[PDB]
Amino acid sequence: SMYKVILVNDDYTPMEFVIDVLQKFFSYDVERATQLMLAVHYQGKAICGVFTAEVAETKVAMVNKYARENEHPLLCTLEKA
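Adding 215 to a residue's 1-based position in the sequence shown gives its number in the numbering used here.
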């Protein structure tokens with residue numbers, strides 16, 4: 216089993232922060248990060264990758280922790296692929 220890791224839309228997290236997260240935690244360049252951000256905003260969410268269970272778990276925890284440390288509500292989730 217592999218797991219999707221997803222970012223979900225919200226009304227407060229700034230664009231530049233979503234881009235930052237996509238680069239830091241998912242290794243996307245600016246253009247692709249920005250595309251994924253567009254999907255977050257207009258599809259309501261974007262799948263950012265597929266990973267092993269333990270890697271997905273760790274990524275979800277770390278992205279959410281990073282977001283809250285900067286007082287943003289950005290929500291990262293996992294689900295079975």
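Backbone N, C-alpha and C fix where the C-beta goes; we use that ideal spot for every residue, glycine too.
- Counting only runs of 3 or more residues that sit fully inside the segment 235 to 270, the beta strand (DSSP E) segments are 260 to 266, in chain order.
- Taking C-beta atoms as the reference points, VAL220 and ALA271 count as a pair closer than 8 Å.
- Look at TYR281 here: in three-state DSSP terms it is helix.
- When rounded, the separation of the alpha-carbon atoms in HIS287 and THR228 is 5 Å.
- DSSP places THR292 in the uninterrupted beta strand (DSSP E) bounded by 290 to 295.
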